[PDB]
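This report refers to the structure that appears directly beneath it.
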Amino acid sequence: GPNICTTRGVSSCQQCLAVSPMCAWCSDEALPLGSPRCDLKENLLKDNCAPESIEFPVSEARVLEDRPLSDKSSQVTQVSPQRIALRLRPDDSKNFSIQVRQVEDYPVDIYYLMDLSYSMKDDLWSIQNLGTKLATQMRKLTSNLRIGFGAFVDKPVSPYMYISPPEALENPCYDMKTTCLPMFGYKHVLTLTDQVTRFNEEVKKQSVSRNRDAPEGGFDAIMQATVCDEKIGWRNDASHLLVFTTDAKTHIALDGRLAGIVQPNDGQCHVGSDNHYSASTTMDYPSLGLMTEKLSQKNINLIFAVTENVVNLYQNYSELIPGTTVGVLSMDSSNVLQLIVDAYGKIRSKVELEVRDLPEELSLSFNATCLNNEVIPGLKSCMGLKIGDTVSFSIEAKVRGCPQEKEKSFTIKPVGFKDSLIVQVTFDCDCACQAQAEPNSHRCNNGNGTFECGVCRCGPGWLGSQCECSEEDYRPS
Amino acid sequence: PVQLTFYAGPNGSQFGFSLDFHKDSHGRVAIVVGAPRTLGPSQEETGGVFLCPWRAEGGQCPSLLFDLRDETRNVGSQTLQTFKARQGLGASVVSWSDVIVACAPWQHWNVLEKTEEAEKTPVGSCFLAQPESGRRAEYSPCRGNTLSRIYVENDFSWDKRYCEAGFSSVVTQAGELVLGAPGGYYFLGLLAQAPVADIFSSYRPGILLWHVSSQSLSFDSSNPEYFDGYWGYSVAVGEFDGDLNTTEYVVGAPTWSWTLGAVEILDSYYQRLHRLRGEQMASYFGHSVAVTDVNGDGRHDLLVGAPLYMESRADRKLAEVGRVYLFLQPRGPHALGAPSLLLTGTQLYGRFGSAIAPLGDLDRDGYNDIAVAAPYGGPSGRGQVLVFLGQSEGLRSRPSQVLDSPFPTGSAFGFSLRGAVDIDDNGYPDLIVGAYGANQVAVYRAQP
Ligand SMILES: *[C@@H]1O[C@H](CO)[C@@H](O[C@@H]2O[C@H](CO)[C@@H](O[C@@H]3O[C@H](CO)[C@@H](O[C@@H]4O[C@H](CO)[C@@H](O)[C@H](O)[C@@H]4O)[C@H](O)[C@@H]3O)[C@H](O)[C@H]2NC(C)=O)[C@H](O)[C@H]1NC(C)=O
Ligand SMILES: *[C@@H]1O[C@H](CO)[C@@H](O[C@@H]2O[C@H](CO)[C@@H](O[C@@H]3O[C@H](CO[C@@H]4O[C@H](CO)[C@@H](O)[C@H](O)[C@@H]4O)[C@@H](O)[C@H](O)[C@@H]3O)[C@H](O)[C@H]2NC(C)=O)[C@H](O)[C@H]1NC(C)=O
Ligand SMILES: *[C@@H]1O[C@H](CO)[C@@H](O[C@@H]2O[C@H](CO)[C@@H](O[C@@H]3O[C@H](CO)[C@@H](O)[C@H](O)[C@@H]3O)[C@H](O)[C@H]2NC(C)=O)[C@H](O)[C@H]1NC(C)=O
Ligand SMILES: *[C@@H]1O[C@H](CO)[C@@H](O[C@@H]2O[C@H](CO)[C@@H](O[C@@H]3O[C@H](CO)[C@@H](O)[C@H](O)[C@@H]3O)[C@H](O)[C@H]2NC(C)=O)[C@H](O)[C@H]1NC(C)=O
Ligand SMILES: CCCCS(=O)(=O)N[C@@H](Cc1ccc(OCCCCC2CCNCC2)cc1)C(=O)O
Ligand SMILES: *[C@@H]1O[C@H](CO)[C@@H](O[C@@H]2O[C@H](CO)[C@@H](O)[C@H](O)[C@H]2NC(C)=O)[C@H](O)[C@H]1NC(C)=O
Ligand SMILES: [Ca+2]
Ligand SMILES: [Ca+2]
Ligand SMILES: [Ca+2]
Ligand SMILES: [Ca+2]
Ligand SMILES: [Ca+2]
Ligand SMILES: [Ca+2]
Ligand SMILES: [Mg+2]
């Protein structure tokens, strides 16, 4: 039938093909009475004229770099294929599937709070191990990890500390005739870092202090750890873990009334250039609500490692505080390592992608097929991605017209992944046969016109097939 | 709301830590306010007591004269030194007849005898002021000649070195003052009851240490469950066993039995009559226990605040709001059981239940009404006070009225408040809130 190629065209190969992609050109000479050279490929085949000169360009996607994705040693292939080469026609659409698989391990930042009370001394050694041992567990579980720790005793205010004799201020252990360092509220020791040896050395360097009341200000230390960002150097794009160690009761909110401190501990950091809680004497123990809010907002999981003697207290605390876990702090920390592994096993990442260096003229559409094997249109990322899962996205790109540049290069970058997909697109507006050119030919009415793939275009108006109709003549009625 | 007077004080002195009402024999009613960090003539923060008269404009008040000078007494080859520096005078102020009792739990007291010393621990000393007679006496059951070594050798039994005397103060109808100090017995806590007249008569100048024959201290308990429980954090006086003659003492401990907290009702002889335990743990059950017949049938009822209580409404999200527990005394000689009622707050992290100040009856009809503190409540998170209109059945969950905190952030408005006393003699109690953060006290008259 007439279709669309035959109509609204039949002037040149470029315009003839520009009507629609599904058009073909018959370069070889044939009968012009049937309006050939612009019609469906099937119609041209029925009309012959296929001496290897058929001009029916199509869009073909060529893969340049398609290294296999990592399955498990210096490749780390997260996106495959890596580099794509594509050829497009004006007013055309084509689809391509891109697969992405997780390779890199999940980063982790761990904070360790230690008590340095006199009572803790007997168990102090043990808690130190619980630090370093825990680090070892994360050393064999992941490659990217940061670890930091801080120490706490109690607020530096009476009656929590001895004031008589005056030497008690610099050495409260006067009754026992022993030397102990002054008791302090909170003292951040090591910021988050990958230097495990320095972490162990600083943990071992810590000593013990003395206080009066059995409860200790662990809530202040927890709030300081979970409230300071620059001092602790938390990473936004990484999981966070907190491990607090103790042996005896822990101070709770409103206890400072005994020492004369009533102002709460707000969600602000009060440790700068001194590694000390300057406002400890004027800030009260934060309640469980503030700590829970900080943990939820910062996405921090808290593990209370305590001795079996008062383990029930911290079991009750965990029951009251969602998201935290309880473990036994003793010669063996298996009950803590198992809980840490279980918590780390629930970490879930997200796979999102963005496109850059693309002119707004081109249009794009996509569908998502995650591990659920369900095709969803309009969603560029599912929820609940785990290491080893492969996600395939079918992106369909449509281009209208032929850009003057004729060559473009754009990038598809997954969110949080350095690797990216580089796609180079080319366009072929002109026809191959036009390479012949033949500016002058005797068939254009004795060399008075231009010839192009079987059609003579001549003069400023000469439109006849033989290039003889002229511009003022050829006016039949 | 307009008639909300403000009483100020010295700049940067935490004016409003504790407040109470005083009614001297002259017939003039005043507000006693204790600023722990009052700046004295020596440019040192020790503590001050302000007897503000009822003034519409409020403002600064004439600080009542008190012995802020250290007394280096010598007796019995021993030196008694009163370390009044940073003593926090005014943490608990009460009145009875023409006597004003102002206690300083942080007033460190020391005894020097050769190398050994008693240490300047916060024993707690209470000044008795009688302006009409111009008398300034001192009372301190915690103070004693016993040395630290004696306490250490006897397993710390009857440890009266860090009592923090005067943490809670009550005046009985008979005329005997009862002081509860949770710091006694090595933070276990203790109670000491003594007539005011006996101590006043036995007081002599320049002594600072003298045994009182009429003193009655609590009996020490060796049960580990009481260790670090703070038995004495809140003290109330009432009747629960039906004996009108005898006065029963209710002691609310927030850290009793591994932070669970509880309230113990005991007879006048410091013998346990009944015990009550909270439902949820870590809620600070026992910060302030009040005794009042909410139902109104002649039997006192117990009110306990738990500011740290955590509740949940949707998604099983445990959020800290606070709670109030009501225990009703059963008719006849019957022991109390589970909490009669439980009331929950609205604001998040408001510490609803930190302090409970009885208001007696608001509408003066027969139904008792109470007030509770939310020191850091409100949409902004500055402070709130919730008024509960009691009912014969019990206490309504939804408060009748809520008062916000006009002071800036950090004022901790509502932390300390007292009621059940009328200043203008209008027939209704007048509420006072000791906002220490702003160094101001807010007085508002409750108009039903
Ligand atoms: C004691 O009482 C004061 C109230 O006066 C409490 O608040 C303190 O107020 C003083 C006011 O002298 C303030 O110091 C001033 O800070 C100014 C900057 O804000 C200084 O520069 C001033 O700037 C003005 C605006 O540009 C200008 O007009 C003026 O001429 C001057 O140049 C000024 O010189 C003073 O140094 C304190 O910062 C302020 N403190 C706080 C914490 O806000 C004070 O808090 C009370 N004391 C306690 C312990 O609470
Ligand atoms: C915090 O952790 C502790 C563990 O250290 C949990 O202890 C548990 O406490 C409950 C009681 O709340 C125990 O259940 C029973 O308790 C009764 C004693 O309570 C009795 O209660 C009745 C009213 O029901 C009263 O009339 C009685 O006078 C008396 O007070 C006891 O007799 C039972 O045998 C039984 O133990 C539970 O056993 C106990 N568990 C352990 C391991 O000790 C505590 O529940 C927990 N806090 C919260 C809020 O769960
Ligand atoms: C990625 O997912 C999208 C879903 O939005 C797929 O688009 C769908 O593709 C199919 C062809 O595979 C289209 O089918 C055609 O539908 C038209 C009617 O619109 C019909 O006339 C044709 O005969 C044919 O059936 C479909 O319309 C289109 N849209 C939807 C909503 O399904 C896309 O194909 C997927 N990617 C790949 C590479 O398959
Ligand atoms: C404690 O309760 C008892 C009752 O259980 C109260 O006892 C009362 O004491 C008064 C005296 O103070 C008694 O009055 C007496 O009356 C007789 C005449 O019958 C007279 O001769 C005496 O001189 C005396 O005035 C009264 O009868 C007695 N009550 C009873 C029921 O016998 C006591 O007052 C209470 N304690 C306090 C401090 O209130
Ligand atoms: C063991 C004495 C020294 C304790 S401390 O001053 O060094 N403080 C400990 C914590 C602690 C507190 C109290 C305690 O029980 C004290 C026992 C009190 C017994 C009371 C019981 C009731 N009757 C009076 C005595 C044990 C340890 C520190 O880590 O710094
Ligand atoms: C992209 O679209 C083409 C068609 O435009 C799809 O081609 C199909 O390829 C499969 C084999 O891979 C054949 O079995 C189908 O018959 C083809 N269909 C058509 C209509 O040609 C192609 O699958 C799509 N996806 C990708 C990644 O190229
Ligand atoms: Ca220990
Ligand atoms: Ca301590
Ligand atoms: Ca009785
Ligand atoms: Ca009753
Ligand atoms: Ca009423
Ligand atoms: Ca009034
Ligand atoms: Mg300790």
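Throughout, chain B uses Swiss-Prot numbering, with the displayed residues spanning 36-483 in order.
Yeah, the Cβs are placed from backbone N, Cα and C, and that goes for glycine too.
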From the disulfide entries in Swiss-Prot, identify which of B:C161, B:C177 pairs with B:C138.
B:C161
Which of these, B:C87, B:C177, shares a disulfide with B:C96 in Swiss-Prot?
B:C87
Select the closest residue to B:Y463 (Ca(2+) 4 binding site) from the following disulfide-bonded residues, measuring between CA atoms: B:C138, B:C161, B:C198.
B:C138
In this structure, which of the disulfide-bonded residues B:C138, B:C161, B:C198 has the fewest other Cβ atoms within 10 Å of its Cβ?
B:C161
Between B:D336 (Ca(2+) 2 binding site) and B:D398 (Ca(2+) 3 binding site): CA-CA distance (Å):
20
Residue counts in helix (H, G, I), strand (E, B) and coil for the repeat 'FG-GAP 6' (B:373-432), per DSSP?
0 helix, 22 strand, 38 coil
Please name the residue among the disulfide-bonded residues B:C87, B:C96, B:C177 whose C-beta has the most neighbouring C-beta atoms within 10 angstroms.
B:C177
Using the centroid of the Cβ atoms of B:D328, B:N330, B:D332, B:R334, B:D336 as reference, list every other same-chain residue with Cβ within 8 Å of it (recorded Ca(2+) 2 site), in sequence order.
B:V329, B:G331, B:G333, B:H335, B:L363, B:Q364
Expressed to the nearest Å, what is the distance separating B:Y402 (Ca(2+) 3 binding site) and B:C138 (disulfide bond) at their Cα atoms?
34
Give the residue from the binding-site residues B:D332, B:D396, B:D457, B:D465 that has the most other Cβ atoms within 10 Å of its Cβ, counting over every protein chain displayed.
B:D465
Hey, for the Ca(2+) 3 site built from B:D396, B:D398, B:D400, B:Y402, B:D404, who else sits with CB inside 8 A of the CB center?
B:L397, B:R399, B:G401, B:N403, B:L424, B:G425, B:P483
